[PDB]
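Only one chain comes next, encoded as structure tokens, the form deposited in one PDB entry.
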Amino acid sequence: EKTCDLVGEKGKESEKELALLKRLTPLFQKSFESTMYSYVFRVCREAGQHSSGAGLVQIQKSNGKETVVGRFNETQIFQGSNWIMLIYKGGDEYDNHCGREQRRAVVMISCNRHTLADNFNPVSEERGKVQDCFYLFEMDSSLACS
């Protein structure tokens, strides 16, 4: 029921993005985690433990505090020859960095003929800009293969 919402009112959405979401369906049931911080990622599904529409959360290992990095109600997806880029906007706001803008998760999914999905890896966080900051992640998936 609760799935990724694309930019644009019902019917105004990009046919390319709509087609891609449909292609990513086999990933909806999965969950990815990687650990200080523990990042949990899910495709168009609630990864958070607060029912806050979080598609990717960052759990503070010391006290189990959860920060929403991106919400799936603000999804953008597009692909190239052997990769798919997924972007979750609308995360929790920074308190000091990036003009206090909402956090954002950028996931680069590269082609891997050997698995439906694996090797989810947090790559880096860019919080040193006045705007357009982001957390970058990578993962493998045969769905990214063309």
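Rigid core (definition): largest C-alpha set, two forms, superposition within 1.5 Å. When you see a residue number, it is the position in the sequence shown, counting from 1.
This protein has a second form, the form deposited in another entry, left out of what is shown; the following refers to that one.
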Checklist line | C-alpha of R42 moved at least 2 Å between this form and the one not shown on rigid core | finding: no
Notebook entry, point to check: Does the distance between the two CA positions of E13 reach 2 Å or more between this form and the one not shown, the core being superposed?
Noted result: no
Next item on the list: Determine whether the C-alpha of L24 shifts by 2 Å or more between this form and the one not shown once the rigid core is superposed.
Entry: no
Margin query: Comparing against this form, do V68 and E126 have their CA atoms pulled together or pushed apart in that other deposited form? The difference is 3 Å or more.
Written below: closer
Margin query: Comparing against this form, do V68 and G128 have their CA atoms pulled together or pushed apart in that other deposited form? The difference is 3 Å or more.
Written below: closer
